[PDB]
């Protein structure tokens, strides 16, 4: 097991540690591709976590700095300020593959920005956030999961990224509340006559259900769009990408079954995951 290999494995560990779904799925990619995926995810994972370190930025800029470095001189050695195991893997990728560097910045910008989180006025702000945090990730991933990236590829991938984020939001309503965050828009809330603090104490009612389902619909629909254009992705990637999607949609029927609880994280059993993989796998 060589030296890069050792990096990609930290990267892998990190991915596997955060999201069990993504890993379940993207691990079934070919060697070349899944290792690049691992690199990217880890970089991003770091970017999100860079805040809970000292209680201040630092890092984040380092990470920005190490990235900006690779962007510039990809074939020179760098002494990375942040995490070296990761920045290495990425550099390796960056050699063999195109990288939407901008999108990393977009994501970093989004994280800088989230320090002064005020609630969203309107769904537009919400949708703008989803872009920042996930639409960006989809773009970065695009050269990895398709043979000839066209505007069209990028668009789908982004749209998938945004959807999943929306679902993860939908799943984490309680948990997010606890850390003084609410992602539903002020607008949508007033319209639906929901106060999240009140639901948290007194359990769900009909208004919450409806506001949640309003958003559940947006996701569901967007996921159907993406499924239709799955073909923009390379042949090996398609069933994998369908998998990750399916697993994530599946999260919604979970929240439903749990009666939209705000006092815990629902999950998709590993066994159900496999069941899905089988259904998809079977049709390929």
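Positions refer to the first chain, counted from 1.
Compared with other deposited structures of the same protein, residue 241 does not meet the criterion of being unmodelled in at least one third, since all of those that resolve residues on both sides include it. Residue 70 is built in all of the other entries compared, counting only those with both neighbours built, so it is not a gap in a third. On average the C-alpha atoms of 70-78 have higher B-factors than those of the other stretch, with 122-130 and 70-78 being the two compared. The question of which stretch, 56-64 or 213-221, has the higher mean Cα B factor is settled in favour of 56-64. Taking the PDB entry at face value, the top CA B factor among 205, 136, 142, 165 belongs to 205. When the modelled residues of the chain are ordered by C-alpha B-factor, residue 33 sits in the middle third.
Per the deposited record, the Cα B-factor of residue 49 falls in the highest third when ranked against the other modelled residues of its chain. Among all modelled residues in its chain, residue 103 ranks in the lowest third by Cα B-factor. Sort the chain's modelled residues by C-alpha temperature factor and residue 238 lands in the lowest third, per the entry. Looking at the C-alpha B-factors along this chain, the one for residue 182 belongs to the middle third.
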